[PDB]
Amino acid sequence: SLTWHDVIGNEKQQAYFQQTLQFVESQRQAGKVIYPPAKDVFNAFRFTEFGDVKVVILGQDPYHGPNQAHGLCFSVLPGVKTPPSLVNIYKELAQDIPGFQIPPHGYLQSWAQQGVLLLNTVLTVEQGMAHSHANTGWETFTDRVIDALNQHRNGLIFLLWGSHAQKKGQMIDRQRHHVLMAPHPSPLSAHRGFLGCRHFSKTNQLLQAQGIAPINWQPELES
């Protein structure tokens, strides 16, 4: 029943956090193209409340091209070309989940509505520049996010894809929470151990073992 407000609202008063927001705003004011739009930065928290989190998936940076990032890792809004990482996520789901169909869009917010926290560890990026906002304080913030989930929840499933995400989750209590590892679904590593990981069926097995409803991984468009 605890909310993000309850467990991490205190971050608003932290110097590092205020300095992160001040930096992003100054960059925007200077004419830097920063993604996602300001109104979307915290969408993962909007769409999966703290007490509602069942599954945590980490990304690193928001997508850095136009029309892509909207505040959820890996997702793009309807009408946008499915980026390479999500192409591979979808390929895995098609093999892993009976009856899953690769959708003609990349919008994953229906996963968030079911309790899948779609968290990037860095929450903004300058256009075309990977890792541009890596050392701005966002990693501090998302460290606090992961610590809150680790300490104040039990039985979460963390899907940690790639070395950055796995290092990010190094403090997660692996007895109290269920951590699943695979490489990043980017084409740079998908074919070297992500494809075949079966994380989506495994996640559902673990949820069912707890008496929790499994995720319907088939993404839905707005109605």
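Numbering starts at 1 and runs along the sequence shown.
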Stretch exceeding the other in mean C-alpha B-factor - 204-212, 15-23: 204-212
Entry-level comparison of average CA B-factors, 98-106 and 68-76, reporting the higher stretch: 98-106
Top Cα B factor in the deposited entry, candidates 84, 128, 115, 137: 128
Top Cα B factor in the deposited entry, candidates 184, 192, 46, 176: 176
Chain-wide C-alpha B factor ranking for residue 41, given as lowest, middle or highest third: middle
Among modelled residues of the same chain, the CA temperature factor third for residue 132: highest
Chain-relative CA temperature factor third for residue 151: highest
Position of residue 169 among the chain's modelled residues by C-alpha B-factor, lowest, middle or highest third: middle
Relative C-alpha B-factor of residue 157, binned into the chain's lowest, middle or highest third: middle
